[PDB]
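Everything on this sheet refers to the single structure shown next.
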Amino acid sequence: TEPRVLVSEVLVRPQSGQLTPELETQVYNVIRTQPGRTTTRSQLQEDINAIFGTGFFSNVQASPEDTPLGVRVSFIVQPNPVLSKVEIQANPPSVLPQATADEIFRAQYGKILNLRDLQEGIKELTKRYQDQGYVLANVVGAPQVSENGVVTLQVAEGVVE
């Protein structure tokens, strides 16, 4: 089975800018890796996944530094930017009103982008396609986020006739 190493220290760090204490807490809440317990490769990966799972970060990695006392594990995280807007990209024009992205996602504007809250809005978008007769509409790939906080959702809307 997987080798284990004792962990001496866990540091949570911003990849750039500052890390809010509220966001640092978010990381500490979901990781199991901890000072004075062992960890493993997989446990680190799983902690990384759980950090992403919170929805507040665009990038997450674990950086381990071995010492005589145990490994110092640094979780380096890049908070999402503030959500400025969500755009739908239908084409390689959207069959939904121009303003439907704003109607659904407006409430999340001006706050840090959270991908869980984004996904709830995506579900509501999907239901709107369905309401208008486009019952096979799917988001293509993952939401693309700009450093300026513009989220572009590529959608295979389908055609009806």
Side-chain angles (χ1 to χ4, degrees), residues 1-89 100-130 137-156:
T1 189
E2 266 187 338
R4 294 156 191 205
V5 225
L6 180 77
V7 166
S8 60
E9 220 181 333
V10 175
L11 308 186
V12 173
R13 293 296 181 260
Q15 197 175 359
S16 69
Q18 276 104 99
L19 191 56
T20 153
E22 288 77 20
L23 281 174
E24 203 191 327
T25 302
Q26 284 288 140
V27 173
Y28 277 112
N29 286 354
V30 300
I31 66 170
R32 281 182 89 196
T33 293
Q34 101 179 62
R37 302 294 180 263
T38 50
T39 198
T40 67
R41 191 206 67 74
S42 300
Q43 182 60 255
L44 289 177
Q45 186 54 46
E46 194 166 304
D47 285 349
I48 289 172
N49 296 349
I51 294 160
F52 267 121
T54 70
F56 294 110
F57 310 95
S58 47
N59 198 214
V60 182
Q61 52 185 276
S63 183
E65 189 193 63
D66 198 28
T67 81
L69 313 184
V71 189
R72 301 167 91 246
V73 175
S74 287
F75 290 103
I76 301 147
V77 305
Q78 184 44 243
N80 281 324
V82 180
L83 181 66
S84 58
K85 99 138 99 172
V86 178
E87 283 179 7
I88 293 166
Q89 174 189 78
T100 140
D102 295 331
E103 321 192 334
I104 300 165
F105 292 102
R106 210 185 279 125
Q108 307 175 30
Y109 290 12
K111 275 180 296 170
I112 181 183
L113 171 62
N114 187 284
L115 299 161
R116 293 177 75 233
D117 298 343
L118 190 73
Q119 198 64 41
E120 281 295 290
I122 288 166
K123 288 211 156 266
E124 186 173 346
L125 220 207
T126 298
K127 180 54 163 61
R128 288 278 302 108
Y129 280 108
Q130 180 180 295
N138 275 308
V139 176
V140 177
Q144 51 233 317
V145 190
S146 272
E147 271 196 48
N148 341 49
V150 175
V151 179
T152 308
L153 304 175
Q154 202 158 76
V155 183

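Residue numbers run from 1 in the order of the sequence given.
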Suppose the criterion is salt bridge (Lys or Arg N to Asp or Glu O under 4.0 Å): which pairs have a residue in residues 103-123, not counting sequence neighbours? none

Write down the atom of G36, the atom of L6, and the distance for their closest heavy-atom approach. C-CD1, 3.9 Å

Could you note down all residue pairs passing side-chain hydrogen bond (donor to acceptor under 3.5 Å, both in side chains) where residues 56-67 supplies at least one of them, sequence neighbours left out? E65-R72

Using the side-chain hydrogen bond (donor to acceptor under 3.5 Å, both in side chains) rule, collect all pairs that involve residues 10-20, keeping only residues at least two apart or in two chains. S16-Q78, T20-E22

Suppose the criterion is salt bridge (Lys or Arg N to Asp or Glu O under 4.0 Å): which pairs have a residue in residues 78-87, not counting sequence neighbours? none

Walk me through whether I51 and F57 qualify under side chain to side chain contact (heavy atoms under 4.5 Å, CB included). CA-CA 8 Å; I51 294 160; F57 310 95; 3.6 Å; yes

Looking only at atom types and distance, does a side-chain atom of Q144 sit under 3.5 Å from a main-chain N or O of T152, one as donor and one as acceptor? yes

Check: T40 side chain, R4 main-chain N or O, donor-acceptor pair, under 3.5 Å: no

Quick one: list whatever passes side-chain hydrogen bond (donor to acceptor under 3.5 Å, both in side chains) with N49, sequence neighbours left out. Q45

What pairs of residues pass the salt bridge (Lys or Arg N to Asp or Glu O under 4.0 Å) test when at least one of them lies in residues 29-42, not counting sequence neighbours? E2-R41

Does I122 have any side chain to side chain contact (heavy atoms under 4.5 Å, CB included) partners at least two apart in sequence or in another chain, and if so, which? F105, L118, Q119, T126, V139, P143, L153

Can you tell me how far the CD atom of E46 sits from the CD1 atom of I31, to the nearest 0.5 Å? 12.0 Å

A side-chain contact here means heavy atoms from C-beta on lying under 4.5 Å apart; do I76 and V60 qualify? no

Applying side-chain hydrogen bond (donor to acceptor under 3.5 Å, both in side chains), can you list everything that pairs with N114, at least two apart in sequence or on another chain? none

Sorted by chain and number, sequence neighbours left out, side-chain hydrogen bond (donor to acceptor under 3.5 Å, both in side chains) with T33 holds for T39, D47

Got a sec, which residues hit side-chain hydrogen bond (donor to acceptor under 3.5 Å, both in side chains) with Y28, two or more places apart in sequence or on another chain? none

With sequence neighbours left out, which residue pairs that include part of residues 51-60 fulfil the salt bridge (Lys or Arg N to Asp or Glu O under 4.0 Å) condition? none

Return the set of residues passing side chain to side chain contact (heavy atoms under 4.5 Å, CB included) with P35 (not counting sequence neighbours), or none when no residue passes. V10

Quick one: closest heavy-atom pair of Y109 and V86, and the distance? OH-N, 3.2 Å

Report yes or no: does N80 contribute a side-chain atom to a donor-acceptor pair with the main-chain N or O of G55 at less than 3.5 Å? yes

